[PDB]
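Only one structure is covered here, and it is reproduced in the block below.
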2 protein chains.
Amino acid sequence: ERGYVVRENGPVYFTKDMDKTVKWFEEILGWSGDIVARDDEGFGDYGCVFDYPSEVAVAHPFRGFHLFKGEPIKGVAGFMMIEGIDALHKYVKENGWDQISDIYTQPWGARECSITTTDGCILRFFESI
Amino acid sequence: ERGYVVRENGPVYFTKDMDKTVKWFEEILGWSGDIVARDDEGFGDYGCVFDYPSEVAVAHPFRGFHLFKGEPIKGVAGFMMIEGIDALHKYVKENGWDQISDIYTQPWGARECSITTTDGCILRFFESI
């Protein structure tokens with residue numbers, strides 16, 4: 001570009017119950033969430049979830065999801081590269097969530113598996129072979 | 001989590017004609033792009049765009065958009081923090097794109113403006129005060 005730079009560009013996520021979403025992220029994937037703004041009636045308007053600990057987030061980068069109020073995405077909402085996919089699948093499974101696909105190898109050189117959230121969107125995870 | 005870390009998490013973006021989308025990101029926002037795989041008819045199935053030069057990406061630290069073939073997103077597709085919001089607006093306008101809202105101040109402490117892409121999605125840009 002010219003005259004400007006991108007500092008952060010984290011993915012967006014939409015929900016009709018921000019607290020439920022945050023809890024799913026924390027209980028099923030082991031992430032940390034935080035509602036940043038609430039409605040006059042106490043409903044979440046804006047927030048976020050990240051895979052690292054709350055601490056690190058309070059002192060800066062951002063690789064989590066921004067949470068906005070609205071109709072949840074229908075289809076793929078995330079495409080994440082990770083380390084420890086096997087561990088991921090076990091963790092999610094141990095936590096009781098069964099809506100996760102088996103792990104499989106992609107033609108482009110990586111093992112993948114995808115998860116459906118409480119809101120119904122698909123999150124795709126992958127690790128290079 | 002436990003046993004796994006998120007290495008990268010760039011936002012997803014869907015398009016029916018990747019080349020046109022990539023040209024837009026290049027001509028209007030001054031970004032860079034590359035189509036990694038095409039279909040039997042010549043269209044891109046997978047690719048990406050990023051704010052920095054090609055030199056970085058091939059030399060990993062991925063914060064652009066992953067591009068997949070599909071129906072464009074209706075509504076907000078990006079929420080990114082930037083520096084030089086005035087420069088951005090002028091750059092876009094200077095490059096002939098008129099579907100960019102004016103810059104305005106948000107209650108939460110930042111100036112913002114949204115841009116409509118060639119595909120119809122909305123990209124929100126903000127800079128804190």
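By order of appearance in the structure tokens: chains A, B, ..., then residues from 1 within every chain, and ligands from 1 in the order shown.
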- prompt: What residues in chain B lie within 9 Å of chain A, counting only C-alpha atoms, written as a PyMOL selection string?
  reply: chain B and resi 1-12+26+28-32+51-52+63-66+76-88+91
DSSP helix (DSSP H, G or I) selection over range 17-71 of chain B, as a ChimeraX atom specification: /B:18-27
Write out, as a PDB file, in the first residue's frame, the residues just selected, with N, CA and C atoms.
ATOM      1  N   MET B  18     -11.486 -15.604  -8.133  1.00  0.00           N
ATOM      2  CA  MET B  18     -10.275 -15.244  -7.395  1.00  0.00           C
ATOM      3  C   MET B  18      -9.371 -14.193  -8.048  1.00  0.00           C
ATOM      4  N   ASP B  19      -9.084 -14.351  -9.336  1.00  0.00           N
ATOM      5  CA  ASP B  19      -8.245 -13.397 -10.044  1.00  0.00           C
ATOM      6  C   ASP B  19      -8.754 -11.967  -9.912  1.00  0.00           C
ATOM      7  N   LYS B  20     -10.054 -11.767 -10.131  1.00  0.00           N
ATOM      8  CA  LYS B  20     -10.627 -10.427 -10.027  1.00  0.00           C
ATOM      9  C   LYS B  20     -10.500  -9.892  -8.595  1.00  0.00           C
ATOM     10  N   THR B  21     -10.688 -10.772  -7.610  1.00  0.00           N
ATOM     11  CA  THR B  21     -10.587 -10.401  -6.201  1.00  0.00           C
ATOM     12  C   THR B  21      -9.163  -9.983  -5.864  1.00  0.00           C
ATOM     13  N   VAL B  22      -8.204 -10.758  -6.350  1.00  0.00           N
ATOM     14  CA  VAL B  22      -6.796 -10.469  -6.120  1.00  0.00           C
ATOM     15  C   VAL B  22      -6.371  -9.157  -6.791  1.00  0.00           C
ATOM     16  N   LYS B  23      -6.906  -8.883  -7.978  1.00  0.00           N
ATOM     17  CA  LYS B  23      -6.556  -7.661  -8.696  1.00  0.00           C
ATOM     18  C   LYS B  23      -7.097  -6.464  -7.936  1.00  0.00           C
ATOM     19  N   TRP B  24      -8.248  -6.654  -7.305  1.00  0.00           N
ATOM     20  CA  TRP B  24      -8.863  -5.588  -6.544  1.00  0.00           C
ATOM     21  C   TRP B  24      -7.993  -5.275  -5.323  1.00  0.00           C
ATOM     22  N   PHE B  25      -7.618  -6.312  -4.576  1.00  0.00           N
ATOM     23  CA  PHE B  25      -6.790  -6.109  -3.404  1.00  0.00           C
ATOM     24  C   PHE B  25      -5.489  -5.420  -3.787  1.00  0.00           C
ATOM     25  N   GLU B  26      -5.018  -5.681  -5.003  1.00  0.00           N
ATOM     26  CA  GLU B  26      -3.774  -5.081  -5.481  1.00  0.00           C
ATOM     27  C   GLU B  26      -3.963  -3.634  -5.943  1.00  0.00           C
ATOM     28  N   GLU B  27      -4.937  -3.417  -6.815  1.00  0.00           N
ATOM     29  CA  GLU B  27      -5.177  -2.089  -7.363  1.00  0.00           C
ATOM     30  C   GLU B  27      -5.781  -1.058  -6.431  1.00  0.00           C
TER      31      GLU B  27
END
In chain B, DSSP strand (DSSP E or B) residues written as a PyMOL selection string = chain B and resi 5-8+12-15+32-38+44-50+65-69+76-83+100+104-106+110-116+122-128
Write the residues of the selection above to a file with C-alpha atoms, as a PDB file, in the first residue's frame.
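Final output, saved to again01.pdb:
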ATOM      1  CA  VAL B   5      -0.806 -24.506  19.828  1.00  0.00           C
ATOM      2  CA  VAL B   6      -2.295 -22.284  17.164  1.00  0.00           C
ATOM      3  CA  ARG B   7       0.542 -21.275  14.864  1.00  0.00           C
ATOM      4  CA  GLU B   8      -1.446 -19.168  12.400  1.00  0.00           C
ATOM      5  CA  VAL B  12     -11.128 -16.581   5.461  1.00  0.00           C
ATOM      6  CA  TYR B  13     -12.626 -14.936   2.372  1.00  0.00           C
ATOM      7  CA  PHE B  14     -14.829 -16.516  -0.306  1.00  0.00           C
ATOM      8  CA  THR B  15     -14.927 -15.602  -3.992  1.00  0.00           C
ATOM      9  CA  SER B  32      -0.173  -8.391  -2.834  1.00  0.00           C
ATOM     10  CA  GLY B  33      -1.588 -11.739  -3.808  1.00  0.00           C
ATOM     11  CA  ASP B  34      -1.026 -15.107  -5.382  1.00  0.00           C
ATOM     12  CA  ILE B  35      -3.255 -17.890  -6.609  1.00  0.00           C
ATOM     13  CA  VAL B  36      -1.895 -21.283  -5.567  1.00  0.00           C
ATOM     14  CA  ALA B  37      -4.345 -23.630  -7.286  1.00  0.00           C
ATOM     15  CA  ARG B  38      -6.861 -23.404 -10.147  1.00  0.00           C
ATOM     16  CA  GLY B  44      -8.561 -20.111  -8.536  1.00  0.00           C
ATOM     17  CA  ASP B  45      -9.623 -22.644  -5.893  1.00  0.00           C
ATOM     18  CA  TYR B  46      -7.137 -21.450  -3.312  1.00  0.00           C
ATOM     19  CA  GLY B  47      -4.952 -18.423  -2.833  1.00  0.00           C
ATOM     20  CA  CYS B  48      -4.319 -15.497  -0.554  1.00  0.00           C
ATOM     21  CA  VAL B  49      -3.703 -11.797  -0.196  1.00  0.00           C
ATOM     22  CA  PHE B  50      -1.526  -9.953   2.300  1.00  0.00           C
ATOM     23  CA  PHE B  65      -6.856 -13.395   3.918  1.00  0.00           C
ATOM     24  CA  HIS B  66      -7.065 -16.995   2.730  1.00  0.00           C
ATOM     25  CA  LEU B  67      -9.081 -17.063  -0.507  1.00  0.00           C
ATOM     26  CA  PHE B  68     -11.396 -20.004  -1.303  1.00  0.00           C
ATOM     27  CA  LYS B  69     -13.830 -20.539  -4.196  1.00  0.00           C
ATOM     28  CA  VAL B  76     -18.558  -7.939   7.443  1.00  0.00           C
ATOM     29  CA  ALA B  77     -15.604 -10.090   6.396  1.00  0.00           C
ATOM     30  CA  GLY B  78     -12.756  -8.196   8.041  1.00  0.00           C
ATOM     31  CA  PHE B  79     -12.035  -6.146  11.151  1.00  0.00           C
ATOM     32  CA  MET B  80      -8.480  -4.872  11.101  1.00  0.00           C
ATOM     33  CA  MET B  81      -6.493  -2.393  13.166  1.00  0.00           C
ATOM     34  CA  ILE B  82      -4.316  -0.098  11.072  1.00  0.00           C
ATOM     35  CA  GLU B  83      -2.063   2.915  11.239  1.00  0.00           C
ATOM     36  CA  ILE B 100     -15.555   3.562   0.889  1.00  0.00           C
ATOM     37  CA  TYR B 104     -15.688   8.645  11.642  1.00  0.00           C
ATOM     38  CA  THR B 105     -15.085   8.305  15.378  1.00  0.00           C
ATOM     39  CA  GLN B 106     -16.344   5.245  17.265  1.00  0.00           C
ATOM     40  CA  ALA B 110     -11.096   4.742  17.409  1.00  0.00           C
ATOM     41  CA  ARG B 111     -11.574   6.282  14.004  1.00  0.00           C
ATOM     42  CA  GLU B 112     -12.943   3.924  11.393  1.00  0.00           C
ATOM     43  CA  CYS B 113     -14.271   3.525   7.876  1.00  0.00           C
ATOM     44  CA  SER B 114     -15.495   0.499   5.981  1.00  0.00           C
ATOM     45  CA  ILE B 115     -14.808  -0.523   2.396  1.00  0.00           C
ATOM     46  CA  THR B 116     -16.977  -2.642   0.136  1.00  0.00           C
ATOM     47  CA  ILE B 122     -17.455  -5.301   3.970  1.00  0.00           C
ATOM     48  CA  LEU B 123     -14.006  -4.612   5.381  1.00  0.00           C
ATOM     49  CA  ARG B 124     -13.762  -2.527   8.533  1.00  0.00           C
ATOM     50  CA  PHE B 125     -10.613  -0.515   9.184  1.00  0.00           C
ATOM     51  CA  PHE B 126      -9.923   1.278  12.446  1.00  0.00           C
ATOM     52  CA  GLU B 127      -7.220   3.251  14.210  1.00  0.00           C
ATOM     53  CA  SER B 128      -7.373   4.010  17.917  1.00  0.00           C
TER      54      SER B 128
END
Separating CA of residue 109 in chain A from CA of residue 95 in chain A, to the nearest tenth of an Å, is a gap of 28.5 Å
Separating CA of residue 16 in chain A from CA of residue 74 in chain A, to the nearest tenth of an Å, is a gap of 13.2 Å
Computed gap from CA of residue 129 in chain B to CA of residue 99 in chain B is 24.3 Å
